[PDB]
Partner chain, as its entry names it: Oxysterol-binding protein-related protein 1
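Encoded as structure tokens, the following chain is the form deposited without the partner chain, with no partner shown.
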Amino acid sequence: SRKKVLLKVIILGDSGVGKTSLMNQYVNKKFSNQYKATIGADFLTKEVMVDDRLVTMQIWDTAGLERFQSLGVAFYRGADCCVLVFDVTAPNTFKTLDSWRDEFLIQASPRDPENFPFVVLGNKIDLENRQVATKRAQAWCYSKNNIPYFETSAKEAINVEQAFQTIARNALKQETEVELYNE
């Protein structure tokens, strides 16, 4: 039918922030209050339209809990984009953002590091409590290499579809995407 390609997204962030919940919300439009610590690293795939192009996104969910961050087995190499996710109500998860983005670059080590797609999701905004300010997070994202930032709510699906849309477009606008099966 039409041309197809694949992108590889690596979602990172401290244990708790909502990475697993953000991914499920996007991929299966489902959520659950019942937590379930993610160990190791796993992934999903979803296909959506991206300007007459049919892109299949390989979304990797990772472990935020240090005592499970086992493998790390360069399953990062593909990564056409990296999603830095934190808990808006939990300030530390925002503090350590540099830990992750850095860590990513060191592992992945993508050509043209100063332009690699990064999307920052400020999760759980659906809670009254809130220790990190949008402006703050904003001031930070731009401050990097003007990477987009989205306040999200894996729970009430705020900007989940929207976040991944941009996640899809920046990774794609980087020419790194792999073709699929089109003889």
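Basically, rigid core = biggest C-alpha set you can superpose within 1.5 Å across the two forms. Only residues modelled in both forms are compared. Positions refer to the first chain, counted from 1.
Quick note: we don't show the form deposited with the partner chain bound, though the next part is all about it.
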Triple contact flag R130, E156 and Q165 to the partner chain in the bound PDB entry, non-hydrogen atom at 4.5 angstroms: no
* **the partner chain contact in the bound PDB entry: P113, any heavy atom under 4.5 Å** => yes
If we define contact as a non-hydrogen atom of the residue within 4.5 angstroms of the partner, is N145 a contact of the partner chain in the bound PDB entry? no
At 4.5 Å between heavy atoms, is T134 in contact with the partner chain in the bound PDB entry? no
Under a 4.5 Å heavy atom criterion, is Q138 part of the interface with the partner chain in the bound PDB entry?
no
Of the residues spanning 101-131, the ones with some heavy atom within 4.5 Å of the partner chain in the bound PDB entry are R101, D102, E103, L105, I106, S109, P110, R111, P113, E114
Rigid-core superposed between this form and the one not shown, candidates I39, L127, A133, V27; the one over the 2 Å C-alpha cutoff or at it is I39
Large Cα move at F68 between this form and the one not shown, threshold 2 Å, rigid core: yes
The CA atoms of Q34 and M57 move 3 Å or more in the bound PDB entry, ending up closer
Checked in the bound PDB entry: CA of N33 to CA of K19 differs by 3 Å or more, atoms lying closer
Moved regions between this form and the one not shown after rigid core superposition (C-alpha shift of 2 angstroms or more, 3 or more residues per run) are 32-40, 64-73, 175-182
